[PDB]
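# Close look at the chain arrangement
One-letter residues, chain by chain:
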Amino acid sequence: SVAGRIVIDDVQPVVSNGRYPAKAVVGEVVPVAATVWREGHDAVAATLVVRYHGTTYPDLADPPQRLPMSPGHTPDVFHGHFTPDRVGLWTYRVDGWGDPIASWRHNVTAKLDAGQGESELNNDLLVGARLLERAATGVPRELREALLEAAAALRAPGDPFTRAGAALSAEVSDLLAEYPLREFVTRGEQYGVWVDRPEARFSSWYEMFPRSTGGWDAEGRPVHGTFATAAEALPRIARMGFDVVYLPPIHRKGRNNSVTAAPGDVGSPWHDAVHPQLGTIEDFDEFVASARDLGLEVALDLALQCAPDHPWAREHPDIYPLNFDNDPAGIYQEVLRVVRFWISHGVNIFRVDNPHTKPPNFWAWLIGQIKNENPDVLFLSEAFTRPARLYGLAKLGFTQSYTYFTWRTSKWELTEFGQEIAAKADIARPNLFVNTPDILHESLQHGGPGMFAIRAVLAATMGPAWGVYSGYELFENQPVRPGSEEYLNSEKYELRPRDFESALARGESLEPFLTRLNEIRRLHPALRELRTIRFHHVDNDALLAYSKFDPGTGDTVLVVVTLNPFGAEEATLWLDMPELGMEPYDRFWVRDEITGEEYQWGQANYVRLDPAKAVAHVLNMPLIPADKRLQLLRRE
Amino acid sequence: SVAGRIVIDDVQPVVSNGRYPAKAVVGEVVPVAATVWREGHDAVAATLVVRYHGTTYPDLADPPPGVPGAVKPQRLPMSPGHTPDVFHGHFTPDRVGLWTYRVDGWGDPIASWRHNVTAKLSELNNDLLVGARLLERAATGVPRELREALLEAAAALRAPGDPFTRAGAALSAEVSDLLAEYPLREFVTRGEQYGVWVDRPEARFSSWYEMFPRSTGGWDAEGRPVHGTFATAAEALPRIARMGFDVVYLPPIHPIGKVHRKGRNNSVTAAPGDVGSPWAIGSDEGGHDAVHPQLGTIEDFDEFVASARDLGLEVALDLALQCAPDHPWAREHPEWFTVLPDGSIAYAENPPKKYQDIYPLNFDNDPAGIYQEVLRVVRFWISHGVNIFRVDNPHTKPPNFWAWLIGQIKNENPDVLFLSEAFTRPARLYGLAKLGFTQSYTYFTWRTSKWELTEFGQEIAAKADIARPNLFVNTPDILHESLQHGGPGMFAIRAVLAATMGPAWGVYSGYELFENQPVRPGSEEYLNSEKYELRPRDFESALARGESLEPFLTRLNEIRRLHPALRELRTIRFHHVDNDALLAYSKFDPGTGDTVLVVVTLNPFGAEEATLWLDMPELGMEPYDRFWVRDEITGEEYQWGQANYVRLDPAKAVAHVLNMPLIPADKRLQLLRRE
Ligand SMILES: OC[C@H]1O[C@H](O[C@H]2[C@H](O)[C@@H](O)[C@@H](O)O[C@@H]2CO)[C@H](O)[C@@H](O)[C@@H]1O
């Protein structure tokens, strides 16, 4: 936000006055917006100055393209955009300037229309000549003639419409777009945007315990799985459309959180070594390779705690939390070594467990030290903490963040949530996990199969990043103690194998539905975007309705979802017609990616959802028109 | 907003990321707020660092090349609020100039330990020594008197003698208080330094009266008006003083141009002997540093200013930067004008307003030149005792110009104040305010509905850090259709709205006389405007006959003077009242705790009753509390609760200005709070 002959103000995207960069992915249309003004009726304009700086990640805590900007409905507010083409730091700046030809074009096309004579139009014409002559200076010598001829024409004697003809022409208009006469160019402030690989914003996660991939012996007793049986587990997870496979720690406490373990109990998985029963570093290397061949990524948990008997407890003075204060340099250097080790082992995704319990400046340093060395490493923060810290950690450079989504159950909670996630889109990318081996929500506990499908739609559509724990597809809703948020017989304390193949064959698996959800996502680029979520009024406290669009392709999707998993719910859906790139009186066609149903729709549309037939409607909304798709993206 | 071992974020008051300072006046309690956090359950705290830099006004915008011109750090505590991780502070600047606040964030180890050593509800525990270790450290930060408290406390928990209750000293009140004044601060993260330009109180709180000196002349025995002087104008002042207005604003007192002189009722050609527009500054007699010959001399004016000072009034001159075709600059410096190809100076305009009698100045051709001359002119009147300027459509002149001029003036003399008459888009309006314009003219004149006024009042309180408004009930160019049809009731309604809502309010003469005559039907311009003819008024007669708002405007000013609440802007809270043509709002002083509540009808014809719903904790109370009130309009007392029945007869009185129960000290500051 600057002040000169031209004033530039309230520029976006600015993050905490500029202490941190904005978040983006390669291919994302980043909308920019600034308040630009000057004196009098005189014309003003703005240029968006975008520059790439490479893959140099900045340390966030103490331990050239010239693109045009168009004005909008909101006076004195100009809007711009850009689509970064590679991972790295890009910087936008807003150049403000007076537009004398724009002014002249208007103030003279007015008089010459409509319909004044050569006498009263003589002066403005001769000034227009002075401008084209001035503008010509900015045009390379080989392209000038057009302008000079045009200028000499206005000063030649005759009829206003004939004189102004050349200056008003297309040839000139185009040429002036490429080389404009920009007066009093005021340079705005430089602002950063860290651009990440698309998997940072759009990715479907599947959490799986490798030890539970074991199966059973002919007797019925479970087998402790290896990286090999886990590698065998992968193709259905691949076939379900998940692209990230998150494993809990691969490095006492007994069955169902009991303080003393019975001999032969598995123990809780929660630093540069693999579990002997799982395999070797070589076995894991093979596991990672197997995942890559299926087009899957591996995500490891980076939990920074020690069991009382850890090598660090003895060497560098059921869990011990680490102390970052006594020997900062020491711990800082070892964590970095550990993380680098797995990066070297083909792991480019880390799920940082409870970051809010560890120093903010630590994360910043670690996130930075890694990202400079290799910018493709991504970090997800499992911070279920106050919003200050949650978003605070995201600003620090955490790629994605775990959200309040599981406790957002009501229509109103969900709208407030969806709206908030779209608002904080520049500072945080959310990961909506339907639940975790730590979180079994009371809604799912009583709602049954319908509930599981409802939540999966909500997460998969609303969240560009969504996740499922192993077993969600088998409707795992049995809670340990009544009212507890923990699972009965948690996979964390025992070998929990599952015959998914059987469930599917019997028809007791959400496995096919989760696939459709991922197919829909893959097909619809609108489900990738976050900022474009808009809610639409559906009159029924049990139904929820929201849209989304891709500013690049114009793809539009509308979701209509029941929150009652037992009985059917009907209502009238009222569409914000221009929001979807239309007029209120317009009528269009829609395809339901769920049922395959096709219908003519208007502003007001009757809707009915039977949780026996399908919990939601994922409509294929008419493609947003090019000119309307940037207007719709707009900030102010 | 910073990042370190402690994170400081979403700090307020920040203006355009810090490009411009926040607005304040001496005695104003400035609330500060920040989001401060750290890791885990460990204790965090914040310190507000206030530093004075003197009366050095900063240049806020990049000026053109060639254009020349010319302590004891407070550490104040920040308490947390209802909103987690948000700390709140405040400060009252005692001396006019630049002030800078910073938010220091830090870990509180004793706070942590205090909590962690409870635990007491037991043994074995010899962290009762890490506590001793802390108090011993903390003691270093305490002056060698009152450090004893801490040493005794530490030595106590270091003593083996008896239970873990030897730590009672460390946990004590005496210690807790002492540690508030001199805390043990870990990992002190210094936040961003943010400016606040503190002005003299007349910048925020002042009542203006606009008067044309030429119109103070009176009539001859034949009925024809007489052209007034600075002497007759000096005579018209005491009633303006008696009405409680402290600022007397005069339109240009400069020789009006003879060339292209506009005649009666905006007629393009003037009849012989027509007065002409005061805003067409400059004839053969003089320019912008000269007085109108018919008004008097520089000496006459000096006497006029002195007369105003003796009545406790201060003069506000109009700073209009245009020239009549016959101005001294038009002959001497045609490089300050936009000479068209045909060799003529461009005629002045402001869509839909055309000004055939003026030439607008050109700031681009010779920037250094014009910049230096405007300064000279403004300095001239400052030297003549004028410390207030009512700037004419500043939005028509360069932004960087204003910034440079306001700066160049305030460095030399920080007491000079500038009011922007910018009726333009909000971007530019507030934009100019951020640039350093002391007060701004508002959309107030067209905010008629209950909705419009609540949306307005709320907006003015929101933009309070970047702009101080001046609510003028009417101007010699603004005669609103509300006033044209509403009759005397309307006049009173608007005056209440302006005087209460706006810490700065204004009245243009003839208003106390209910002048509703508009030139053309539906036009906002006055029939027979004072700008083109000598419009004298016998105020004394009207008062006597019974057609003067003169006594009511005085009560409004008395009320204002008595109530420090009607000075503060940010504290405007609207209270729900069922009638849609009735409005209710509060205001409080964060220093004195004074509370005022206004209940005003917008229907000037018939009476309006309704049930008033109070946001009880906002008046520093609980919902089932029941208090007493004293109307400043009626004088008497009434029993009021959370819900109160109200009735307003515009025949009896258009509004109720209640003297609400004084807000309790501890509650005062929570009602001020930002987040
Ligand atoms: O040429 C002088 C010009 O003066 C008046 O215009 C004033 C306006 O009335 C005031 O409100 C002031 O703040 O701005 C204008 C300055 O030009 C007359 O209205 C106008 O006809 C006349 O030409």
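Residues numbered from 1 in each chain as written, not as in the entry; some residues may be left out. Chains lettered and ligands numbered in written order. Heavy atoms only, no water. Residues with missing side-chain atoms left out of burial classes, pairs and counts.

## Describing the packing of helix 1 (residues 109-116) of chain B against helix 2 (residues 130-140) of chain B
Angle between the axes and distance between the axes are the two parameters that describe a pair of packed helices. All names here are of chain B. The line we're drawing: Axis lines are fitted to C-alpha atoms, over the contacting stretch for helices. Their N-to-C directions set the angle, which ranges from 0 to 180 degrees. Numbering of helices and strands runs from the N terminus, with a helix taken as a DSSP run of H or I at least four residues long and a strand as a DSSP run of E at least two residues long. By the definition adopted for this analysis, an angle is roughly parallel if under 35 degrees, roughly antiparallel if over 145, roughly perpendicular if from 65 to 115, and oblique otherwise. Handedness of a helix crossing follows the sense of rotation of the near helix relative to the far helix, less than a right angle counterclockwise being left-handed and clockwise being right-handed. Between two residues, a contact is recorded if the distance between any of their heavy atoms is within 4.5 Å. For this classification, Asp, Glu, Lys and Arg are treated as charged, while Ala, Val, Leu, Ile, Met, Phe, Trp, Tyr, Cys and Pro are nonpolar and the rest, including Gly, are polar.
Helix 2 packs onto helix 1 with a crossing angle of 155° between their chain directions and a minimal axis gap of 10 Å. Considering the angle they form, helix 1 stands roughly antiparallel to helix 2. Between helix 1 and helix 2 lies a crossing whose hand is left-handed. Here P109, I110 and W113 of helix 1 lie close against helix 2, whose contacting residues are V130, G131, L134, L135 and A138. Tallied by class, the residues present in the contact of helix 1 with helix 2 amount to seven nonpolar, one polar and no charged.

## Remarks on the site of the ligand
All names here are of chain B. Stated formally: Near, as used in this document, describes a residue that has one of its heavy atoms within 4 Å of the molecule or strand being considered. Identification of polar contacts relies on pairs of N or O atoms within 3.5 Å, with a donor-acceptor requirement for protein atoms, meaning one able to donate a hydrogen and the other able to accept it, and with residues adjacent in sequence counted only if both atoms are side-chain atoms. Using a 1.4 Å probe, accessible areas were evaluated by the Shrake-Rupley method; residue-level cover was limited to the displayed protein chains.
Around the ligand sit 16 residues, and of these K262, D357, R390, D477 and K531 come closest. The separation between an oxygen atom of the ligand and a polar side-chain atom of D477 is 2.5 Å. Summarising the interface, the protein chains cover 95% of the accessible area of the ligand, which totals 470 Å² for the free molecule.

## Here's the deal with the sheet that holds strand 26 (residues 598-601) of chain A
Residues and elements named next belong to chain A. So the rule is basically this: Two strands qualify as a pair provided DSSP detects at least 2 bridges between them.
Strand order across the open sheet formed by six strands is 20-22-23-28-25-26, with antiparallel pairing between neighbours. The sheet is open, and its two borders are formed by strand 20 (534-535) and strand 26, each paired with just one other strand. Two strands pair when backbone bridges link them, and strand 20 and strand 22 (residues 543-549) are joined in this way by two bridges, in the antiparallel orientation. Of the residues in strand 22, the one forming a bridge with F535 is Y546. The strands touched by helix 13 (residues 442-462) are strand 20, strand 22, strand 23 (556-562) and strand 28 (616-621); relative to strand 22, the strand with the most contacts, the crossing angle is about 25°.

## What to know about the interface of chain B and chain A
Contacts between chain B and chain A engage 44 residues on the former and 44 residues on the latter. Counting residues per element, the ones that place at least two in the side of chain B that touches chain A are strand 1 (2-3), strand 2 (7-12), strand 4 (30-37), helix 10 (399-412) and helix 11 (426-434) of chain B. Among the elements that take part in the side of chain B that touches chain A, helix 11 of chain B stands out by supplying five residues, more than any other. Of the residues contributing to the side of chain B that touches chain A, the split by class is 20 nonpolar, 10 polar and 14 charged.

## Focus: the UniProt feature "active site" (unreviewed entry) in chain A
Residues and elements named next belong to chain A. Selection criterion: UniProt positions are given in the numbering used here, feature names are shortened, and annotations may be inferred rather than shown by experiment.
Residues annotated by UniProt as "active site" (unreviewed entry) correspond here to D353 and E382. Over a stretch of 30 residues, the named residues converge on one spot in the fold, their C-alpha atoms separated by at most 5.2 Å. Structurally, the position occupied by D353 is in strand 15 (residues 349-353). Residues within four places of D353 in sequence aside, it is in contact with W270, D301, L302, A303, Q305, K358 and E382. Here the side chain of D353 touches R351 through a polar contact of 2.8 Å, side chain to side chain. Relative to the assigned elements, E382 resides in strand 16 (residues 378-382). If we skip the residues at most four places from it in the chain, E382 touches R351, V352, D353, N354, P355, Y402 and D438.

## Here we look at the nonpolar core
Our working rule: Only buried residues count toward a nonpolar core, which is a set of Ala, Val, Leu, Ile, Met, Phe, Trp, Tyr and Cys residues joined through side-chain atoms within 4.5 Å. Per-residue accessibility, obtained with a 1.4 Å probe over protein chains only, is compared with the maximum for each type, and a residue is labelled buried under 20%, exposed over 50%, and partly exposed between these values.
Core analysis: the biggest nonpolar cluster contains 158 residues, and B:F301, B:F304, B:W381, B:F389, B:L405, B:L497 and B:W505 have the highest contact counts within it. Broken down by element, this core gets its largest block of residues, 11 residues, from helix 13 (residues 481-501) of chain B. The contacts of B:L405, once residues within four sequence positions are left out, are B:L319, B:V374, B:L375 and B:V378. Grouped together as the second largest cluster of nonpolar side chains are 139 residues, A:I6, A:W194, A:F341 and A:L444 included.

## Some remarks on the environment of A:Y472
All names here are of chain A. Relative to the assigned elements, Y472 resides in the loop between strand 19 (465-469) and helix 14 (500-506). The class of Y472 is buried, set by a relative accessible area of 0%. Each C-alpha atom, one on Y472 and one on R337, is 35 Å from the other, the two residues being 135 residues apart in sequence. Setting aside its immediate chain neighbours within four residues, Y472 contacts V434, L444, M451, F452, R455, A456, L510 and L514.

## Quick word on the pairing of strand 18 (residues 388-392) of chain B
All names here are of chain B. In terms of burial, strand 18 is largely enclosed, as five of its five residues are buried. Neither face of strand 18 is open: one carries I388, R390 and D392, the other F389 and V391, and all of them are buried. By the bridge criterion, four bridges tie strand 13 (residues 314-319) to strand 18 in an arrangement that is parallel. Across the sheet, residue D318 finds its bridge partner in strand 18, namely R390. Bridge analysis of strand 18 against strand 19 (residues 417-421) gives five bridges, and the strand direction is parallel. Along strand 19, the bridge assignment pairs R390 with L419.

## Examining the sheet that holds strand 24 (residues 569-574) of chain A
Residue and element names in this part refer to chain A. Across the sheet, which stays open at both edges, the three strands sit in the order 21-24-27 with antiparallel pairing between neighbours. The strands lining the two open edges of the sheet, one partner per strand, are strand 21 (537-538) and strand 27 (604-609). Pairing of strand 21 with strand 24, which is carried by two bridges, proceeds in the antiparallel orientation. Within strand 24, the position partnered with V538 by the bridge is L573.

## Things to note about helix 10 (residues 360-373) of chain A
Using the following cut-off: Here, expected helix span is obtained from the residue count minus one, scaled by 1.5 Å.
The end-to-end C-alpha distance of helix 10 of chain A is 21 Å, a good match for the 20 Å that 14 residues give at a rise of 1.5 Å each. Burial analysis of helix 10 of chain A places 11 of its 14 residues in the buried class, which makes it a mostly covered element.

## With respect to the domain arrangement of chain A
All names here are of chain A. Using the following cut-off: The split of the chain into domains comes from an automatic or database domain assignment.
Domain boundaries in chain A define domain 1 (1-52 + 63-98 + 179-197), domain 2 (99-178), domain 3 (198-531) and domain 4 (532-636). On a C-alpha basis, the centroid separation for the pair domain 1 and domain 2 is 29 Å. Listed by partner, the interface residues are 11 residues for domain 1 and 16 residues for domain 2. Of all the secondary-structure elements, those providing two or more residues to the side of domain 1 that touches domain 2 are strand 5 (44-52) and strand 8 (88-98). A per-class count over the side of domain 1 that touches domain 2 returns seven nonpolar, one polar and three charged.

## Section: the environment of B:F401
Along the polypeptide, B:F401 turns up in helix 10. In the structure, B:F401 is positioned 67 residues away from B:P334 in sequence and 19 Å away in space, judged by C-alpha atoms.

## With respect to the packing of helix 13 of chain A against helix 15 (residues 511-523) of chain A
Residues and elements named next belong to chain A. Here helix 13 crosses helix 15 at 20°, and the two axes come no closer than 11 Å. As summarised for this structure, helix 13 and helix 15 are arranged roughly parallel, according to the angle between their axes. The two elements helix 13 and helix 15 cross, and the hand of that crossing is right-handed. In contact with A453, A456, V457 and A460 of helix 13, helix 15 contributes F513, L514, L517 and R521. The residue makeup of the contact of helix 13 with helix 15, split by class, is seven nonpolar, no polar and one charged.

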